[PDB]
Protein chains: 2
Amino acid sequence: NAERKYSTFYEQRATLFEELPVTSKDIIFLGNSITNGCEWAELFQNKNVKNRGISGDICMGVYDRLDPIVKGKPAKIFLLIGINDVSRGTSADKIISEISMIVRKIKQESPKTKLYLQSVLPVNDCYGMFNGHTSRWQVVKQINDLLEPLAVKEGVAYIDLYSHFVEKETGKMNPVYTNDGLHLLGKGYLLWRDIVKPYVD
Amino acid sequence: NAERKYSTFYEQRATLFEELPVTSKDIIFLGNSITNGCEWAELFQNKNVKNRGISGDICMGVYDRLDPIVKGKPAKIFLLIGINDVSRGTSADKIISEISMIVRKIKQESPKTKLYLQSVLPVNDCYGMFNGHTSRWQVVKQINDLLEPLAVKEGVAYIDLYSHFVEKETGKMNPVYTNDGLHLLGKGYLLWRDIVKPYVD
Ligand SMILES: [Cl-]
Ligand SMILES: [Cl-]
Ligand SMILES: [Cl-]
Ligand SMILES: [Cl-]
Ligand SMILES: [Mg+2]
Ligand SMILES: [Mg+2]
């Protein structure tokens, strides 16, 4: 029942994205529900910023829908993905392998697009929700420890969101940014805004 | 876990909307997941159109979050709400009563805002999903038969989306627009766009 809801919602969002043109001026935020949840053009006060987030999405789900994005040759793509693969038990190594597939596809199809790999955000089990995600809070840092070298190896930028969202004493997401331990409150998007607005300018 | 997920997601979206300014140039799409699911500014190619949809939302959930919208005195508000009240067993009469509360609040707080009441969309049980909604498909027309007179009585516009989405033979939503009987595929948002762009123009 729950997997059918993601699958149908993914098809809803993906088929809408196929109908919306991407141009060389565009700045794309690409990812899962943490990307889906924002009004990106309003947050940055920039009409060229576009939401390509899909709640529930995974690395290969992003990979499979790159074409209606990269064929428009967008100016920038900000990628945040992986935590739903964590909740499926997928290893950090395999997740990094699949992000590297996304990086190589974007570079091959739209070499002038500037690509930004955003650190997987921390999670927190304190609210007792999304246990498949939050019980694996330690995998976030395993991914990010591998994700930053991948960025420099592929010649793309790495944005460290994690270190601002995390509680350094616990390795988990600071509750001020979330009400379920996984997704962001408005205050969380303001922090994200302050970190990445220089890259969007 | 289902009600907690809506409740936390509502707080996520609502607290984000409290951080995003609304101005007198804005055109607001206000409603539940059928409103939430779209990229409205891209669909109409109009930077002034803004998404205030929240998946799972109900009439009083919309009412309770009017302040961060109407305080900016927006140019237009397009309201689509009620199907999640239907799925709770709420009568059409009670739903109309609550929509009329929303109308009066908007008219009181922002008298120059043009308000458009959109027909509740049909649903379809053919995919066997969201049975709390789809088993009550006959309630949609009961609401809409009362909603258009309310628009007249309150001096606001009524937009008949339902006629374009429904199968006249069955009273249910044409499957070409949906993959679950409730929410819209990209083709569904294109139909909505074609109906409503004149009002957004
Ligand atoms: Cl949960
Ligand atoms: Cl989970
Ligand atoms: Cl269902
Ligand atoms: Cl249901
Ligand atoms: Mg909190
Ligand atoms: Mg269909």
Side-chain angles (χ1 to χ4, degrees), chain A residues 11-13 15-21, chain B residues 25-55 57 59 62 69 74-84 86 95-96 99 102-103 106 113-124 133-134 137 139-152 154-201:
Chain A
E11 178 180 28
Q12 289 156 23
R13 293 284 282 168
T15 58
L16 170 73
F17 297 158
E18 295 176 344
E19 302 294 343
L20 299 174
Chain B
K25 262 199 141 210
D26 292 348
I27 299 169
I28 308 294
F29 279 76
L30 179 59
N32 51 39
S33 81
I34 297 160
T35 296
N36 202 160
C38 193
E39 299 305 322
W40 293 109
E42 298 190 57
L43 187 75
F44 295 116
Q45 296 179 331
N46 182 334
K47 73 182 181 300
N48 299 308
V49 184
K50 302 187 175 181
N51 190 332
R52 291 293 179 274
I54 302 184
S55 298
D57 213 355
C59 290
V62 169
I69 296 173
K76 299 176 183 154
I77 294 174
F78 292 77
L79 176 67
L80 176 69
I81 197 65
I83 200 70
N84 293 321
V86 166
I95 291 167
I96 288 290
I99 292 170
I102 294 166
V103 166
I106 290 166
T113 299
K114 294 156 172 277
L115 178 61
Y116 305 84
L117 306 181
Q118 292 167 123
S119 65
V120 178
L121 297 180
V123 296
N124 200 323
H133 300 72
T134 64
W137 60 274
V139 184
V140 177
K141 182 142 196 303
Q142 297 170 20
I143 296 172
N144 292 335
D145 286 341
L146 297 167
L147 188 54
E148 184 163 29
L150 176 67
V152 173
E154 290 294 326
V156 306
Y158 176 82
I159 299 179
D160 179 12
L161 307 175
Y162 170 98
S163 289
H164 297 84
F165 283 88
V166 77
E167 299 266 20
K168 266 103 181 74
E169 192 148 15
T170 58
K172 305 176 181 185
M173 174 176 281
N174 184 336
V176 80
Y177 302 119
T178 181
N179 62 353
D180 64 9
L182 176 60
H183 303 102
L184 297 183
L185 295 170
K187 181 168 183 52
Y189 285 111
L190 298 179
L191 174 56
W192 194 347
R193 175 200 69 187
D194 297 340
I195 298 159
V196 166
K197 197 170 197 211
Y199 299 90
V200 176
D201 282 12

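So you know, we letter chains A, B, ... as the sequences are listed, proteins then strands, and number each from 1. The figures that follow rest on heavy atoms only: side chains count, while hydrogens, waters and symmetry mates do not.
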task: Only counting residues at least two apart or in another chain, list the ones meeting salt bridge (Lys or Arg N to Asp or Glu O under 4.0 Å) with B:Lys47.
output: none

statement: Residue pairs meeting ring pair (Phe, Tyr, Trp, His ring centres under 6.0 Å), one or both in residues 154-173 of chain B, sequence neighbours left out, come to B:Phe165-B:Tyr177

Pairs under 3.5 angstrom only: tabulate donor-acceptor contacts from the side chains of residues 167-174 of chain B to other protein residues two or more places apart or in another chain.
residue: B:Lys168; atom: NZ; partner: B:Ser163; partner atom: O; Å: 3.1
residue: B:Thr170; atom: OG1; partner: B:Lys172; partner atom: N; Å: 3.4
residue: B:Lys172; atom: NZ; partner: B:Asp125; partner atom: OD1; Å: 2.6
residue: B:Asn174; atom: OD1; partner: B:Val176; partner atom: N; Å: 3.0

task: Kindly write out the residues that satisfy side chain to side chain donor-acceptor pair (under 3.5 Å) with B:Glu42, not counting sequence neighbours, or none if the list is empty.
output: A:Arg52

- prompt: With side chains defined as the heavy atoms from C-beta onward, is the minimum distance between B:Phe29 and B:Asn51 less than 4.5 Å?
  reply: no

message: Applying side chain to side chain donor-acceptor pair (under 3.5 Å), can you list everything that pairs with B:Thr35, at least two apart in sequence or on another chain?
response: none

- request: List for me each residue that meets side chain to side chain donor-acceptor pair (under 3.5 Å) alongside A:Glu11, sequence neighbours excluded, and say none if there are none.
  value: B:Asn179

query: Between B:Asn36 and B:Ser55, does any side-chain donor sit less than 3.5 Å from a side-chain acceptor?
result: yes

- prompt: Which residues satisfy the salt bridge (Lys or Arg N to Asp or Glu O under 4.0 Å) test with B:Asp145, sequence neighbours excluded?
  reply: B:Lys141

query: So, the side chain of B:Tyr189 versus the backbone of B:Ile34: is there a donor-acceptor pair under 3.5 Å, distance only?
result: yes

- request: Using only heavy-atom distances, determine whether the side chains of B:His183 and B:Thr178 contain a donor-acceptor pair under 3.5 Å.
  value: no

For B:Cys59 against B:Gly82, the heavy-atom pair lying closest together: SG-CA, 4.2 Å

Let me have the donor-acceptor pairs involving side chains of residues 192-201 of chain B, under 3.5 Å, with sequence neighbours excluded, atom names and distances please.
residue: B:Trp192; atom: NE1; partner: B:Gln118; partner atom: OE1; Å: 2.9

message: Could you work out, with side chain to side chain donor-acceptor pair (under 3.5 Å) as the rule, every residue matching B:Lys114, not counting sequence neighbours?
response: none

- request: Taking salt bridge (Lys or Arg N to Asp or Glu O under 4.0 Å) as the test, write out the residues that go with B:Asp180, two or more places apart.
  value: none

message: B:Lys25: which residues meet the salt bridge (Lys or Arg N to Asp or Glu O under 4.0 Å) condition with it, sequence neighbours left out?
response: none

